[PDB]
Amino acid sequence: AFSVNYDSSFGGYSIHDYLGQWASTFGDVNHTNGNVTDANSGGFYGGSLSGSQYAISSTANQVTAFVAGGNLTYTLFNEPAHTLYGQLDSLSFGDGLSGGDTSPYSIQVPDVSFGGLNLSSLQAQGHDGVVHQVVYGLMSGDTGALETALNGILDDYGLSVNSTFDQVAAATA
């Protein structure tokens, strides 16, 4: 049930080119050994360490953001430590994060959204699970794991992340 939604200015962009611009604007939140605070942790909606959404804003520019949606839980110090797992079904990208407390997170100026991703991983796969690799890559400004997961969805339509948004819409609508 894969779907894409995009501002019409991105119709002629490849998926890869959009995500490359998004990543280079968002930068890298450096959520790493020795550098984690409240500033670069992001947050969940629906719980403190789990919920229907996870979202985070750029520490470089304070506005660029992404919202990950589905059913997600982070183990924090439970084994395997520091793993995000569960189901990742949507991702949205753009500028400005609001909500996240008594209402869901949303992006204030949305560029692109993917729905129906159907990505699922179990706790026991720890950091090798696809949902962990995708979202921790995004937090780090690395879209390599998401593109790999999108190529695996797209190959069934004969497309890839080198296809443009308009080419994907014509195959999926």
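From 1 onward, residues are counted along the sequence shown.
Between 88-96 and 73-81, the higher mean Cα B-factor belongs to 73-81. Stretches compared: 48-56, 100-108. Higher mean C-alpha B-factor in the entry: 100-108. Among the modelled residues of its chain, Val67 has a C-alpha B-factor that falls in the lowest third according to the deposited record.
Ranked against the other modelled residues of its chain, the C-alpha B-factor of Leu154 as given in the entry falls in the highest third. Annotation for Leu119: CA B-factor lies in the lowest third of the chain's modelled residues. Split the chain's modelled residues into thirds by C-alpha temperature factor. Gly137 is in the lowest one. Ranked by Cα temperature factor within the chain, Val36 sits in the middle third according to the deposited record.
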